[PDB]
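Everything on this sheet refers to the single structure shown next.
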Amino acid sequence: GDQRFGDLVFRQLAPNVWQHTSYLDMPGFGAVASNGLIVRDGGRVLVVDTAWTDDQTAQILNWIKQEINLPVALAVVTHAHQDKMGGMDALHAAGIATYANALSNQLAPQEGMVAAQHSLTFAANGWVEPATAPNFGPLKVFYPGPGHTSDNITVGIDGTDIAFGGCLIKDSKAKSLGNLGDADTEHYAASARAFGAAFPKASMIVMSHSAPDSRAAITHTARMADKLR
Ligand SMILES: C[C@H](CSSC[C@@H](C)C(=O)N1CCc2ccccc2[C@@H]1C(=O)O)C(=O)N1CCc2ccccc2[C@H]1C(=O)O
Ligand SMILES: [O-]
Ligand SMILES: [Zn+2]
Ligand SMILES: [Zn+2]
Numbered sequence: 684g685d686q687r688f689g690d691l692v693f694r695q696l697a698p699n700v701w702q703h704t705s706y707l708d709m710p711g712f713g714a715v716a717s718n719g720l721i722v723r724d725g726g727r728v729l730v731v732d733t734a735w736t737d738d739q740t741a742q743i744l745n746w747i748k749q750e751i752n753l754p755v756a757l758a759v760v761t762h763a764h765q766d767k768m769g770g771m772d773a774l775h776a777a778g779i780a781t782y783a784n785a786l787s788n789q790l791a792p793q794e795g796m797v798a799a800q801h802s803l804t805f806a807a808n809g810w811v812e813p814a815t816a817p818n819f820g821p822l823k824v825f826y827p828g829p830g831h832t833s834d835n836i837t838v839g840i841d842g843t844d845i846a847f848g849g850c851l852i853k854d855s856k857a858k859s860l861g862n863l864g865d866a867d868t869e870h871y872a873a874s875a876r877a878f879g880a881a882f883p884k885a886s887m888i889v890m891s892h893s894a895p896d897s898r899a900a901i902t903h904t905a906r907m908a909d910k911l912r
């Protein structure tokens, strides 16, 4: 089940895959959970998303050292907001190579984030340009179009039934999407559907602010995003 490690929660999702969860008390919004992923690829570990803070992200690295005890070869972060990139400095202090969408790196300063060290770029069809994502192992990175933000990216894990939608995807019982100022209202619905089509066989949809869900999370997020266009 859930594994409490200090103020963080870790949950094994598949043999080589764990979800990390961290919390931030946001005035006016309560204590908000954010989820990312940890993947073991042979003798190395790959991280998807930081925690909200540097201190929490250092604790993720501490958990990895205790439960896996292999080097963290790289981290990929899925857009320039605090839940996904708030802990970049902790990754850099630990010597970990970091990757984000070029657009996330461009937006990072004005969003109050530290940029990743390397920039991913994407083909017109959304798949990462392979030269920009060297040694990514099973991580299959896809840009579905603007939605939750202009720069949001998504990640499939080869050899598993898991795809990670980040903050683009909400769960199948979610009530709304909100009126968030960074969202692309014109394109959000198509981007959600493009994520589902990019990972057509993934049956476990992992996301930033809900527990893992079936593919109904995609249909429901899209079906909900329709009523904004
Ligand atoms: C200063 C703080 C940073 S929070 S990360 C960027 C947010 C704008 C955002 O996109 N959120 C926030 C968290 C969240 C919680 C539940 C559903 C959806 C979200 C969404 C996301 O990551 O998908 C900040 O900007 N805010 C604080 C908290 C918060 C909570 C919920 C909605 C908006 C916000 C945001 C604010 O509008 O002040
Ligand atoms: O976010
Ligand atoms: Zn966001
Ligand atoms: Zn989020």
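Per this note's numbering, the very first residue in the sequence shown carries number 684; after that it's consecutive.
Every residue gets a Cβ at the ideal spot worked out from N, C-alpha and C, and that includes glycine.
### Task
Quick one: grab the DSSP three-state call for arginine 723.
Sequence index remark: in the sequence shown, residue 723 carries index 40 (1-based). Looking at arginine 723 - three-state DSSP - the assignment turns out to be strand.
### Task
Output the distance between the C-alpha atoms of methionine 890 and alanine 816, rounded to the nearest integer angstrom.
Reading the sequence shown from its first residue, position 207 is the one you call residue 890. Reading the sequence shown from its first residue, position 133 is the one you call residue 816. When rounded, the distance between both Cα atoms is 22 Å.
### Message
Tell me whether the region 898-910 and the region 876-887 touch, counting them as touching only if at least three CB pairs, one residue from each stretch, are closer than 8 Å.
### Response
yes
### Task
Specify, as a first and last residue, the run of the beta strand (DSSP E) that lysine 884 falls within.
Taking the sequence shown and counting its residues from 1, one reaches residue 884 at position 201. Unbroken run through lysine 884: none, as it is neither H nor E.
#### Entry: From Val715, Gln686, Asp690 and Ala714, residue whose alpha carbon lies closest to that of residue 914
This structure leaves residue 914 out entirely; the chain is present only between 684 and 912.
### Environment of ligand 2 in chain order, Cβ to heavy atom below 6 Å
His764, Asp766 and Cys850
### Message
Does the region 723-731 come into contact with the region 819-835, if we say contact requires no fewer than three beta-carbon pairs (one atom in each stretch) closer than 8 Å?
### Response
yes
### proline 883 vs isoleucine 845 beta-carbon contact at 9 Å
Start at 1 with the first residue of the sequence shown, and residue 883 comes out as number 200. Start at 1 with the first residue of the sequence shown, and residue 845 comes out as number 162. Contact: no.
### Task
Could I get the ranges of all uninterrupted beta strand (DSSP E) runs contained in the region 698-785, with 3 residues as the minimum, in chain order?
700-709, 713-724, 727-731, 755-760 and 780-784
### Query
My guess is that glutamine 739 and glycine 713 are in contact by the Cβ rule of under 8 Å, so how many angstroms apart are they, rounded?
Taking the sequence shown and counting its residues from 1, the one referred to as residue 739 is at position 56. Taking the sequence shown and counting its residues from 1, the one referred to as residue 713 is at position 30. Contact doesn't hold; Cβ gap of about 17 Å is too wide.
### Query
Helix or strand or just coil, what does DSSP make of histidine 801?
Position 118 of the sequence shown holds residue 801. Correct three-state label for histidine 801: strand.
### Query
Going by the beta-carbon positions, is the gap between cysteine 850 and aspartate 909 smaller than 9 Å?
Here residue 850 corresponds to residue number 167 of the sequence shown, with the count starting at 1. Here residue 909 corresponds to residue number 226 of the sequence shown, with the count starting at 1. Contact: no.
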